[PDB]
Amino acid sequence: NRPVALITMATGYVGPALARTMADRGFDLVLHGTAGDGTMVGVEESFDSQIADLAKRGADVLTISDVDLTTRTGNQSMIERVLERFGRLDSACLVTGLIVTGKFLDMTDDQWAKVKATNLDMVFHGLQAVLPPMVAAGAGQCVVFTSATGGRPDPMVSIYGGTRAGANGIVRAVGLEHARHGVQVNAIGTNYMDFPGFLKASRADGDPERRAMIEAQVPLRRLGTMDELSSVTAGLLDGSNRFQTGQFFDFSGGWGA
Amino acid sequence: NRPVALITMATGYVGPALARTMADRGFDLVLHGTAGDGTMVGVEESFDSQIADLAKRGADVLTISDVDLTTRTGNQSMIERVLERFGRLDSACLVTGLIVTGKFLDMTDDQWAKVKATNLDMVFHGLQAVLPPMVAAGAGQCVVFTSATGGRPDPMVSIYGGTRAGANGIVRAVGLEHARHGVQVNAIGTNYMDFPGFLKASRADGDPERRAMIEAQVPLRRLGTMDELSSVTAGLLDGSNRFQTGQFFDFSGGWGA
Amino acid sequence: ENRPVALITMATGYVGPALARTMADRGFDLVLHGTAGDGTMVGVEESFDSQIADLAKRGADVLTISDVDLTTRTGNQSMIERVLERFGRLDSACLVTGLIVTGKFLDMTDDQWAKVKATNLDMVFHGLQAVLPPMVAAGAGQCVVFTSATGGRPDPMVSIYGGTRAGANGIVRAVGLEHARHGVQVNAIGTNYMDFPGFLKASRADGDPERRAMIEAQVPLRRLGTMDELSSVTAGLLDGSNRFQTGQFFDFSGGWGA
Amino acid sequence: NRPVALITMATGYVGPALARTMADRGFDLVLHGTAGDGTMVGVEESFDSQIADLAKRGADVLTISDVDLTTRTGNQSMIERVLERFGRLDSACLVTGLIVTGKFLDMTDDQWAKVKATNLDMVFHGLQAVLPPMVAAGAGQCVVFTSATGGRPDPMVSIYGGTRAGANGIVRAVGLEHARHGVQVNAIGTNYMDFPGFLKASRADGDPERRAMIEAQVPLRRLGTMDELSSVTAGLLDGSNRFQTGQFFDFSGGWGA
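Protein chains in written order, with PDB author numbering: chain D, 6 to 262; chain A, 6 to 262; chain B, 5 to 262; chain C, 6 to 262.
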């Protein structure tokens with residue numbers, strides 16, 4: 006009678022570490038992500054890599070990789086397949102958004118359309134899909150991964166940070182609107198996290214000089230690890246804490262304080 | 006040589022009062038709004054009624070009413086017409102957004118698409134249009150009218166309040182990004198304002214008992230007047246204050262404090 | 005006839021003089037608290053005597069007060085008593101508060117800690133407890149408490165100053181909301197990078213063009229604010245033209261606190 | 006070689022539960038609190054009761070109960086005694102403050118002096134005492150318990166909530182100032198917590214009708230438990246999360262969102 010946790014984009018970012026710890030805490034898992042092996046873009050830990058490890062930890066796993074999470078149908082389909090496999094949805098970790106930077110006046114209509122689709126549509130359709138079963142069950146926990154930029158939308162990240170702030174605002178209203186049904190919805194916004202995506206984007210991957218310069222921008226003078234983040238995230242998804250909802254948590258080494 | 010102020014949606018909301026005070030302060034005006042007489046929806050003060058008054062106050066007026074301010078072309082065309090008429094743009098008051106309320110899970114794809122177009126596209130394309138001439142001049146003042154809900158996105162107004170928070174976030178980044186060019190961009194978010202639109206929506210227009218209950222929700226126990234709001238708004242657009250940018254100002258009788 | 009009355013503290017420096025002029029232009033009589041002396045005395049940027057003549061030309065009666073300790077109940081209560089005695093009314097109050105202290109948190113002494121509480125908090129608590137009763141009784145009033153932009157972003161090297169400024173803003177929020185129903189507004193303005201002798205001397209930018217440029221470089225709008233700008237915003241919250249904001253904090257630092 | 010965690014006011018509030026979990030996580034403990042049995046005011050779990058339980062969990066315990074934590078001497082002496090017994094200080098949970106409510110204009114000079122001493126002096130002297138050894142060690146984690154009222158200082162809680170906001174502000178600056186030394190300092194502000202103190206103050210301790218009205222004020226329609234709070238608190242003190250500092254975390258069932 007294990008509870009069920011959904012994790013999207015689970016082939017990279019916090020998904021793998023979160024899956025391991027959520028399995029340690031007695032959860033069955035539905036992992037949405039990108040199909041293929043490590044060579045494929047955006048695959049930091051392949052599905053096949055994880056299935057064996059999570060099985061050892063006692064978790065059943067369902068993988069999903071043929072849905073468009075910027076759309077209603079994609080998210081509705083994803084949840085339909087969760088309920089089909091395990092008849093229940095207790096926790097949901099919705100990873101959203103795609104980075105875009107540059108001068109505000111250089112932003113194209115395509116960049117504007119893309120950032121709305123990744124930073125907002127994923128949140129709107131994601132929440133409209135995970136909530137109904139949680140409300141029906143009278144209990145549920147959701148974490149929406151936005152960005153620490155949402156807490157301080159800065160120059161050169163206008164449309165990305167701004168829409169992240171809108172995502173946090175949606176999460177606040179939704180987290181408060183369904184609190185009375187026993188459902189929690191909170192947002193985590195990270196920055197300066199140590200995973201291949203950020204290292205490649207920041208050009209720190211193979212450059213120690215660049216790495217030191219990036220870390221110097223962080224008050225704690227380091228990059229965050231996925232084990233740390235997964236521990237905090239799991240804390241909001243494992244049922245141990247049921248007294249926070251509609252809130253935004255900065256996780257950027259103090260950068261967003 | 007008089008400075009020039011742009012005001013959108015100027016046939017209702019704060020536009021008319023703002024136009025009068027901005028003219029008193031020595032500005033020529035470009036008024037975007039709805040073409041018609043009082044009978045047309047969204048026309049609280051027609052162009053023709055205002056032009057006579059603003060002329061007495063010494064202001065030349067250019068009217069615009071055939072542009073789609075949710076698009077790049079509409080906003081770019083509007084500013085092109087401002088510049089051909091008056092060769093300069095000193096101040097811009099961009100009124101944006103359209104109210105939508107209801108349970109989060111009842112929101113349709115159309116409502117979601119509409120709120121993004123009114124609360125976000127208007128801001129993105131509006132700012133991309135007004136800023137270039139201000140940057141070129143090394144001076145400019147912009148106020149983006151969002152909503153007090155952006156400061157506290159609450160249940161029953163999730164996607165509206167949330168996107169308003171995103172609009173405020175964009176304003177913050179943009180206001181900071183172009184500060185070094187001598188350009189200010191700030192946001193004002195109102196609520197419980199005394200104008201026919203809100204009165205009709207709140208159903209208090211002809212019900213004194215209804216109004217007293219609405220006023221009871223406001224700490225200052227009253228509704229704001231457009232003359233008050235126009236005075237505050239003009240303070241951010243008349244050149245008297247050049248030391249605030251990237252900021253959001255709540256104007257809701259303390260409701261958003 | 006029947007001019008409204010505005011109280012301004014610390015009016016011999018900072019925003020007081022400019023605020024007094026504009027408030028007089030807007031038809032207010034004035035009570036100016038400040039430091040007694042001429043320009044040579046510390047903390048006197050515009051002496052009472054300098055202002056008395058100008059404000060009279062603008063049509064304002066002036067009462068000066070300079071023998072009260074505004075960190076205490078007695079000082080603030082006495083100040084308001086003397087306002088009501090001279091003009092029977094108090095319509096607006098601009099309470100300038102606080103005294104700068106900086107340095108490493110672990111270097112702060114008990115005296116610095118005691119001083120920052122007295123200037124940044126006691127002035128606000130006793131100031132508001134004194135100005136509010138007459139406003140509540142009249143059913144109308146407007147108050148601005150000058151705190152600091154550091155209250156919006158308490159940073160390293162400004163821990164106890166910025167932190168207590170944040171507490172002052174918090175008190176202003178609760179009080180501004182608590183007495184809103186009586187028709188009284190209480191808001192806070194927090195400034196930084198203002199162009200007045202105090203800041204120029206403190207920042208060491210006085211007579212140092214390179215230093216001045218460096219300080220301005222820290223401001224998004226790449227400049228220092230002027231008292232005429234600040235007094236215009238401040239008066240807007242004290243002249244009765246805007247009666248729909250209370251319990252709020254307004255950053256005034258060229259975007260530094262955005 | 007166990008790490009050392011200091012917990013103040015450990016005879017009530019979160020202290021006992023936090024001590025248990027921190028012991029489970031391999032910490033030695035120093036508990037400051039009130040000396041006595043349950044009959045004494047403010048004693049919910051006596052020292053003697055806890056020591057036996059904590060000993061079973063593998064923790065050495067040092068008790069301290071004759072210091073005035075509103076003063077420099079009290080806090081410095083407390084930390085000296087911590088270092089004397091265990092030569093190290095890794096984590097510190099500084100519980101601070103004392104509730105006071107009423108109309109702002111009814112507050113006396115004694116109430117004003119008391120709230121400054123409990124809500125601010127405890128924080129200033131507390132941090133000045135715990136930080137030096139953590140800086141010297143190049144690592145440390147501190148949680149300062151303030152109040153959810155600090156996030157929204159409301160009428161009838163002016164001086165309490167306001168000073169709580171100042172405490173959070175100090176924590177932000179201090180948490181950012183010593184981040185480069187590997188030290189974290191964060192604040193947690195609670196409300197609507199289920200413990201005898203709050204139940205007695207709210208008069209709900211024996212009135213289910215009163216309690217049901219209390220829970221109705223909370224978005225999640227419940228009171229928080231110390232086990233939940235201790236789990237979140239321990240998460241910021243057990244070394245598992247070293248990427249948050251200078252931050253304030255609301256823990257009030259969404260009341261402070």
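Don't be surprised by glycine CBs; every beta carbon is placed ideally from N, CA and C.
Residue i - containing beta strand (DSSP E), residue span
{"i": "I12/D", "result": "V9 to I12"}
{"i": "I69/D", "result": "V66 to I69"}
{"i": "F203/A", "result": "That residue, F203/A, is in no beta strand (DSSP E); its alpha helix (DSSP H) goes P201 to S207."}
Under 9 Å from the C-beta of residue i: neighbouring residues of chain B
{"i": "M161/C", "result": "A178 and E182"}
{"i": "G194/A", "result": "Within chain B, no residue comes near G194/A; the closest Cβ sits about 12 Å away, beyond 9 Å."}
Element boundaries [alpha helix (DSSP H), containing residue i]
{"i": "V179/B", "result": "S163 to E182"}
{"i": "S245/D", "result": "Unbroken run through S245/D: none, as it is neither H nor E."}
{"i": "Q55/D", "result": "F52 to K61"}
{"i": "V237/A", "result": "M231 to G240"}
{"i": "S82/C", "result": "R77 to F91"}
{"i": "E220/C", "result": "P213 to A221"}
{"i": "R25/B", "result": "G20 to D29"}
{"i": "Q116/B", "result": "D114 to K121"}
Identified DSSP bridge partners for residue i
{"i": "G194/B", "result": "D255/B"}
{"i": "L36/C", "result": "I12/C and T68/C"}
{"i": "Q146/A", "result": "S96/A and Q189/A"}
Proximal residues of chain A, C-beta to C-beta of residue i below 8 Å
{"i": "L225/B", "result": "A184, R185, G187, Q189, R247, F248 and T250"}
{"i": "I12/D", "result": "The premise fails here: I12/D is roughly 22 Å from chain A at the closest Cβ pair, so nothing lies under 8 Å."}
{"i": "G258/B", "result": "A184, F248, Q249 and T250"}
Anticipated Cβ contact below 8 Å, residue i with residue j, distance rounded
{"i": "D255/D", "j": "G156/D", "result": "5 Å"}
{"i": "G174/C", "j": "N191/C", "result": "Rounded, the Cβ-Cβ distance is 13 Å, inconsistent with contact."}
{"i": "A184/D", "j": "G251/D", "result": "7 Å"}
{"i": "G31/B", "j": "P8/B", "result": "7 Å"}
{"i": "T168/B", "j": "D126/B", "result": "Going by Cβ atoms, the distance from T168/B to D126/B rounds to 10 Å, so no, they are not a contact pair."}
{"i": "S96/B", "j": "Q146/B", "result": "5 Å"}
{"i": "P158/C", "j": "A170/C", "result": "6 Å"}
{"i": "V135/A", "j": "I84/A", "result": "6 Å"}
{"i": "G187/A", "j": "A144/A", "result": "5 Å"}
Beta-carbon proximity of residue i to residue j, cut-off 8 Å
{"i": "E49/B", "j": "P201/B", "result": "yes"}
{"i": "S235/C", "j": "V19/C", "result": "yes"}
{"i": "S70/B", "j": "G38/B", "result": "yes"}
{"i": "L94/C", "j": "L11/C", "result": "yes"}
{"i": "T113/D", "j": "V162/D", "result": "no"}
{"i": "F150/D", "j": "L99/D", "result": "yes"}
{"i": "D111/C", "j": "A64/C", "result": "no"}
{"i": "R62/D", "j": "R25/D", "result": "yes"}
{"i": "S245/A", "j": "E233/B", "result": "yes"}
{"i": "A239/B", "j": "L23/B", "result": "yes"}
{"i": "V120/C", "j": "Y165/C", "result": "yes"}
{"i": "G194/B", "j": "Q249/A", "result": "no"}
{"i": "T101/C", "j": "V128/C", "result": "yes"}
{"i": "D210/C", "j": "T230/C", "result": "no"}
Cross-chain neighbours of residue i in chain B, by beta carbon under 7 Å
{"i": "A22/A", "result": "Under the 7 Å cutoff, chain B gives no residues; its nearest Cβ is about 12 Å from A22/A."}
{"i": "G166/C", "result": "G174 and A178"}
{"i": "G229/A", "result": "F248"}
Partner residues on chain A for residue i, Cβ-Cβ distance less than 7 Å
{"i": "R77/D", "result": "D114"}
Under 7 Å by beta carbon: chain D residues contacting residue i
{"i": "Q133/A", "result": "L110"}
Proximal chain D residues relative to residue i, where beta-carbon distance stays under 9 Å
{"i": "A262/A", "result": "Within 9 Å Cβ-Cβ: nothing; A262/A doesn't reach chain D, min ~17 Å."}
{"i": "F150/A", "result": "Simply none; closest approach about 16 Å."}
Listed by chain order, chain C residues near residue i by CB distance under 8 Å
{"i": "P8/B", "result": "None at all; the shortest Cβ gap to chain C is about 22 Å."}
{"i": "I219/B", "result": "Those within 8 Å of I219/B in chain C number zero; the least Cβ separation is about 20 Å."}
Neighbour list for residue i in chain B, Cβ cutoff strictly below 8 Å
{"i": "residue 1/A", "result": "There is no way to answer for residue 1/A, as the model of chain A reaches only from 6 to 262."}
{"i": "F129/C", "result": "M112, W117 and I164"}
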